[PDB]
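S.K.: Experimental structure and sequence below.
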Amino acid sequence: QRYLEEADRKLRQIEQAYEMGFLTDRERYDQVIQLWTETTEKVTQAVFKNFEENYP
C-alpha cells in the first residue's frame, strides 16, 4: 500500500512535469513506465523479504 501510494504521488508529479513543459509526451511516458517497473520490483522484493523475515 505504502509503496503504491508513493508511486501514485510520483505519478501526479510526472503529470505536473508534463503540464509544465519540462517533459514532452514520450519522456513522460518513459518515466511513468520505469516508475511502474521499479514499483513492481519494489513490491516483489517486499514480498520475498516479508516471507524471509516473517514466515520462512
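M.R.: That came through fine. Numbering: from 1, shown residues only.

S.K.: what does stretch 7-15 rub up against?
M.R.: 23, 28, 31, 32, 35, 36, 39 (CB atoms under 8 Å, 6 or more residues apart in numbering). Backbone N, C-alpha and C define where each C-beta goes, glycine included.

S.K.: so of the residues you listed, which ones are in helices?
M.R.: 28, 31, 32, 35, 36, 39 (DSSP state H).

S.K.: Let me have those in JSON lines, adding distance to residue 19 as columns.
M.R.: Shown next, in JSON lines, are the ones in helices among the contacts of stretch 7-15 (distance: CB to CB, whole Å):
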{"residue": "28", "distance to residue 19": "9"}
{"residue": "31", "distance to residue 19": "14"}
{"residue": "32", "distance to residue 19": "14"}
{"residue": "35", "distance to residue 19": "17"}
{"residue": "36", "distance to residue 19": "20"}
{"residue": "39", "distance to residue 19": "22"}
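
S.K.: farthest pair in these?
M.R.: Greatest spatial distance among these (CB to CB): 28 and 39, at 16.2 Å.

S.K.: re the thing from before, out of the ones in helices among the contacts of stretch 7-15, which are buried?
M.R.: 28, 31, 32, 35, 39 (16 or more other CB atoms under 10 Å).

S.K.: Okay, residue 40 and residue 47: tell me how far apart.
M.R.: 11 Å (CB to CB, to the nearest Å).

S.K.: Ok, residue 16 next?
M.R.: In terms of CB to CB, residue 16 sits 31 Å off from residue 47.

S.K.: Could you do residue 10 as well?
M.R.: Shown here: residue 10 relative to residue 47, a distance of 21 Å by CB to CB.

S.K.: okay, these two: which has more neighbours?
M.R.: Between residue 10 and residue 47, counting by other CB atoms under 10 Å, residue 10 is the more crowded of the two (15 against 10).

S.K.: got the buried residues for the strand or helix carrying the more buried one?
M.R.: Element membership for residue 10 (DSSP states H and E) is helix 2-20. Across helix 2-20, burial judged by 16+ other CB under 10 Å covers 7, 14, 18.
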